[PDB]
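Below, in structure tokens: the form deposited in one PDB entry, a single chain.
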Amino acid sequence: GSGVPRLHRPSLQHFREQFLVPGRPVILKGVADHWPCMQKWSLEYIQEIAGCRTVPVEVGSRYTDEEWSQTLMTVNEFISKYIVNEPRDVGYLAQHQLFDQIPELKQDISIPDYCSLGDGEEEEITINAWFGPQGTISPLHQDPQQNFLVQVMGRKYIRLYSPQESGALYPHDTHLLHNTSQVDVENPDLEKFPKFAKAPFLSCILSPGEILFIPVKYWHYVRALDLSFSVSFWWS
């Protein structure tokens, strides 16, 4: 496929018309790049503000066979165990609303203006922290709302497949896992999943300051390339 387009602070109507309404992915630059989080958030500072709080942590590379488990620990324990000291397994602080838990971290972000183009209420926008070492993998999956994924620390390799291509992505049959792909994007078994080979996609390397707009129900797979902190806004 091709690289995801990058636009420097598009006007709202131009984002509405070329991207939101047709549902095409884009990176928005010059938008979140000066938010306080971009210069303020570090291991020192995350420990200082959030260190003693309780967070859920996903342990294991990815979630299919339950090797993957979910646990709870303090942010300090997560940093020390899964990031700093030669971790024994991949832990990921994933899909957690950490800014409703620590309001003082919410002062470091904002809700992007483009969300007001939606039909939903600003109070109901779901804000999720994603924080973990180099190498976390979110398997190919789709989400029920629009998403702004704001990169803060580190880089993420991302791949996007359209809803129109779902027939080549082999979703799990169980309605629980309905929206997750059985395919390992970066090493697909093409004996089992042959149609995955021909399906087109976009990909990118998302970097700090940059916002990736993921259209509703667009499939995405995400691998952190460095120690990484992203913040997702689910809106509608």
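Sequential numbering from 1, following the sequence displayed. Take the two forms, find the largest set of C-alpha atoms that superpose within 1.5 Å, and that set is the rigid core. Only residues modelled in both forms are compared.
The following text describes the form deposited in another entry, which does not appear among the structures shown.
Quick check for you: superpose on the rigid core, then look between this form and the one not shown for a C-alpha move of 2 Å or more. Which of 47, 203, 61, 54 is it? Comparing the C-alpha positions, the one residue that moves 2 Å or more is 61.
Closer or farther: how do the Cα atoms of residue 63 and residue 192 compare in the other form versus the shown form, where the change is at least 3 Å? Result: closer.
Closer or farther apart in the other form, the C-alpha atoms of residue 74 and residue 63, for a change of 3 Å or more? Farther apart, by at least 3 Å.
Provide the ranges, sorted by sequence, of consecutive runs with at least 3 residues in which each Cα shifts 2 Å or more between this form and the one not shown, based on a superposition on the core. Shifted segment: 60 to 69, the only one.
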